[PDB]
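Heads up: the structure comes next, in structure tokens.
FYI, it's all coordinate maths here, none of it is from the lab. All Cβ positions, even for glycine, are placed from backbone atoms using ideal geometry, and neighbour counts span all protein chains on display.
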Amino acid sequence: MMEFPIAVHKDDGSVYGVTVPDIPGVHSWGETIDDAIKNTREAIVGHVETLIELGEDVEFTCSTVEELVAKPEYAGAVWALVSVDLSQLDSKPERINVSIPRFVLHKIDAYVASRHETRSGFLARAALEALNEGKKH
Amino acid sequence: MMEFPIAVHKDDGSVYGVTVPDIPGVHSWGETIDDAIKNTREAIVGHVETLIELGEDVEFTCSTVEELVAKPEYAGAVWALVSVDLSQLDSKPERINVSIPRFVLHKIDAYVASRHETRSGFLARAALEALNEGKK
Amino acid sequence: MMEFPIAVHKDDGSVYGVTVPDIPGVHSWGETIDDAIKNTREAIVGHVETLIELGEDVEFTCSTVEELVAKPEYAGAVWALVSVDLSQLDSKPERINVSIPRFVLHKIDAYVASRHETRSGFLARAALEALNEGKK
Amino acid sequence: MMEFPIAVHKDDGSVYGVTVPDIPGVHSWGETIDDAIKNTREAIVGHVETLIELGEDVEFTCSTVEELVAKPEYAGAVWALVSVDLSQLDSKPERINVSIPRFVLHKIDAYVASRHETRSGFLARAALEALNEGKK
Amino acid sequence: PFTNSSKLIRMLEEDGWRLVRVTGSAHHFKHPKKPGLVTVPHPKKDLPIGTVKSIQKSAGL
Amino acid sequence: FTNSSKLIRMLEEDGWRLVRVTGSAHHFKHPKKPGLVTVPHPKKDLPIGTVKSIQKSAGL
Amino acid sequence: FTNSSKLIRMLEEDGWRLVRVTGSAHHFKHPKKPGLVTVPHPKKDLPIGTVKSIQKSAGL
Amino acid sequence: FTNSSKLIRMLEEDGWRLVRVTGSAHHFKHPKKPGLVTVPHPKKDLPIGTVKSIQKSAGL
């Protein structure tokens, strides 16, 4: 849910070009492969931030290299994996009130203390995991 | 993580006796198998409610029949599956404030509307799923 | 492929009765659960031997307790797992000639030596595994 | 079992270089990525053919990109997938006699009739699948 | 109804199912027109309704 | 003459105290040993297998 | 159409409007077709493969 | 040791012997150390990452 395969193309006289198939519309580039990977993460962040700002739906799948590698539009591409937490990209989140069982809350607080996460960050990530599972299983 | 395998033992002169290996300490019984399954769900609910009331830790795993069936303590037992949502067993839950990204909240609200769940119920269940995945 | 869930039913004045959902038509019984499990394995072996003798198709799935447990025909049943190697049940197997790469054959021979299996047994089991994977 | 991740490195003044982590010792190169992928398949075929000819053990794992991508030796690399059936690389396979149950043989024969496969090819592939599962 | 193994076997036989093999208590039945082999336990006692219904289904009854 | 009765007695003599009841389910807590232990009651013999599990949970 | 400048021009002539920029990433929206299209702008030739993907996203 | 020729030389000085060639792939065997080592031979510089992997396979 936080890791996205990227497809890297390269022609004789071209730069490296990047497609992120799981987030529709995202593309990037680099002079070198290391630059292309670095740029791609910034392009994802910017694209999703723009969606959020415009109040558009942020729709994204989570694919493995293997399920993408054979598609004709990626023929001859090479692959890498970019890590972006999309749940951290809203600068104006909504404050809500929720009832959490005490035993659940104690487990959350213990888990996030070591990882320096917040309750809100934990819950948003967990919500996205559960919605992705609710789409297949 | 709301479905628990139960191990049913039965001796010549005994009732059916039940173990719930995923929730440590839970045991039950029945004159018949149908009674034993019905009693086991009540025993789970009561056991966990007791833990909650005492402010004790509620620790539980999620196993399949297959991973339990070969353990020596369950030799000769037969299996059933009991469905209990442990996240609904706190009668005094805590009300808290959290910041949820708008796109996430819109997906939550749309998802729970069709399933007749609440935001709070969805989040508590999702939190437990994520903590079970963190324990792997 | 060698492990089959069995569904155990029991009424007030009845014996334990057994269904093997993965091998259509197989049923068994027991005075006790331990008897029922023991009888069920014998009933599987006999059923499949009968099919082989009649030259009937031997069709079988491989299910988990979980995927079967909620079907209406198994409501109230309890579950166990029976291990039977169906590939050993033909008394007149066919002798055939096959070309196996040397490196593959060396791995087979090394693997079966410790397990006291034969090449033929290994290959028949492996063939069934691969056909089940070609189906699911 | 037939699909291998390849790790592509590239320095400022270098060609593209390739590692095949699942078949130890295999490396390749290319002026371009398309050349590197093409060369890598030829290097695999040649490497394994050499092993077979020398009667050396042919050992290989089957990994996904995901399980390899985070290893420190592949930091900064890009990935592709090469398809090679290693079971077809022995030019002198051994002819052997085996007893296959009739029902198993009928399933094999029916499966290979529709496809571009022979009994021997099916069995060698199935044997390798089963040995990989015995290693997992 | 047909929970006694003897009555059940009789009902199958009157439907044209023929006993072809016996393995201990397991009675294996074949039909000339209906498909499949049907294995029926024969304890000469009452079988549970659930396993009875499964046997009837396999036998096309 | 029921083993559930003897078992509850053995737990009590070990310091386990009944803290809640849910129908036939008897929930026991110990001041020093960890965990809650649920014992099914209605005075009849329980199978050896479920008895051993109860003993193990109670640190016996 | 592999030059990023020519490509952006082709998008613009199709009615795509630049709404945000993140470094070299140019984010485009269309008033009559759905979705956001991110186009890299190195002012150099992009590979044909990434160009075709951009065209597809833009309905060009 | 990024030049394929220098690398092959380093392997040879370690006792690795060329036994087979498949196009540009050079297959090496050692009398004491385990495994077959395949070295690409473009007579150019190989990337450091693929060089290190080759050294590791060769027990260097």
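For the residue pairs D:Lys71/D:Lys92; A:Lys71/A:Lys136; A:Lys136/C:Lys135, the C-alpha atoms sit more than 29 angstrom apart in D:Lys71/D:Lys92.
Below 8 Å, C-alpha to C-alpha, sequence gap of six or more: please give me the relative contact order for chain G in percent.
Result for chain G is 37 percent.
Taking Cα atoms only, the orientation of helix F:3-13 departs from the longest principal axis of chain F by about 20 degrees. Going by the alpha-carbon gyration tensor, a ≥ b ≥ c the square roots of its eigenvalues, is chain G rounded (a/c under 1.5) or, if a/c is not under 1.5, prolate (a/b greater than b/c) versus oblate? Judged from the Cα gyration tensor, chain G comes out oblate (a/c at least 1.5, b/c at or above a/b).
Ranking G:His30, C:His27, H:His26 by Cβ neighbours within 10 Å, fewest first, what do you get?
Going from least to most buried by this count: G:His30, H:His26, C:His27.
Ranking of A:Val45, A:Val78 by neighbouring Cβ atoms within 10 Å, starting from the fewest: A:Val45, A:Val78. Of the peptides D:42-53, E:10-21, the order by per-residue mean of other Cβ atoms within 10 Å, starting with the highest, comes out as D:42-53, E:10-21. Does chain B come out rounded, prolate or oblate by the C-alpha gyration tensor, with a ≥ b ≥ c the root eigenvalues, rounded set by a/c under 1.5 and, if not, prolate when a/b is larger than b/c and oblate if not? Since a/c reaches 1.5 and a/b is larger than b/c, the shape of chain B is classed as prolate.
Shape analysis of the protein assembly as shown places it in the oblate category; the axes a ≥ b ≥ c from the Cα gyration tensor give an a/c of at least 1.5, with a/b not above b/c. Rg/Rh for chain E (Cα atoms only, Rh after Kirkwood) is 0.92. Amide H contacts of F:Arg20: F:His27, each under 5 Å away and 5 or more positions distant or on a separate chain (H built 1.01 Å from N in the peptide plane; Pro and chain starts excluded). Kirkwood's formula applied to the C-alpha pairs of chain A gives a hydrodynamic radius of 17.0 angstrom. The ranking of G:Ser5, B:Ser114 from fewest to most other beta carbons within 10 Å of each one's beta carbon is B:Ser114, G:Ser5.
Can you tell me the orientation of helix B:102-115 relative to chain B, as the angle in degrees between its alpha-carbon axis and the longest Cα principal axis, to the nearest 10? For B:102-115 against chain B, the angle is about 50 degrees. Compared with the dominant Cα axis of chain G, that is its longest principal axis, helix G:48-58 is turned about 10°.
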